[PDB]
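One structure below.
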């Protein structure tokens, strides 16, 4: 008996994503995690989008 | 992004309505000035009379 995910995982665009998609035709998934790790000086994200 | 497009559509309808209202005011001024200038004789005519 195996435990499997009951439903699909939902990906959502953030407001920062909306701005970059309107202006640059480009989306960086989970923008805020990158910006916080970038200004804090942390070289590694904990997880992938 | 869908919300952005809905609000953009409502705002473009608003802009069109406002521009048309101002155009109607300008057109009324233009037409009145036009008829007023139509019925006005020149200086030499009126001073002679």
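Note that each Cβ is placed from the backbone with ideal geometry, even for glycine, and that neighbours are counted across all protein chains shown. FYI, it's all coordinate maths here, none of it is from the lab.
Report the calculated FRET efficiency for residue A:33 and residue B:13 (r = Cβ-Cβ distance, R0 = 41 Å), to the nearest 0.05.
0.60
Given axes a ≥ b ≥ c from the Cα gyration tensor, I'd like to know whether chain B is rounded (a/c under 1.5), prolate (a/b larger than b/c) or oblate. Can you show the working numbers first?
On the way: a/c = 11.57, a/b = 7.94, b/c = 1.46.
Verdict is prolate for chain B.
Where a ≥ b ≥ c are the square roots of the eigenvalues of the C-alpha gyration tensor, would you call chain A rounded, which needs a/c under 1.5, or, failing that, prolate if a/b is larger than b/c, or oblate?
Cα axes put chain A in the oblate bin.
Under 8 Å for C-alpha pairs, at least 6 residues apart: give me the relative contact order for chain A, rounded to a whole percent.
Across chain A, relative contact order equals 24 percent.
In degrees, nearest 10, range 0 to 90: what is the angle between the Cα axis of helix B:2-38 and the longest Cα principal axis of chain B?
That helix lies at roughly 0 degrees to the long axis.
From the helices alone, meaning DSSP H stretches of at least four residues, give me the mean residue ellipticity at 222 nm for the protein assembly as shown, per-run term -39500 (n - 2.57), in deg cm²/dmol to the nearest 500.
So the helix-based figure for the protein assembly as shown works out to -21000 deg cm²/dmol.
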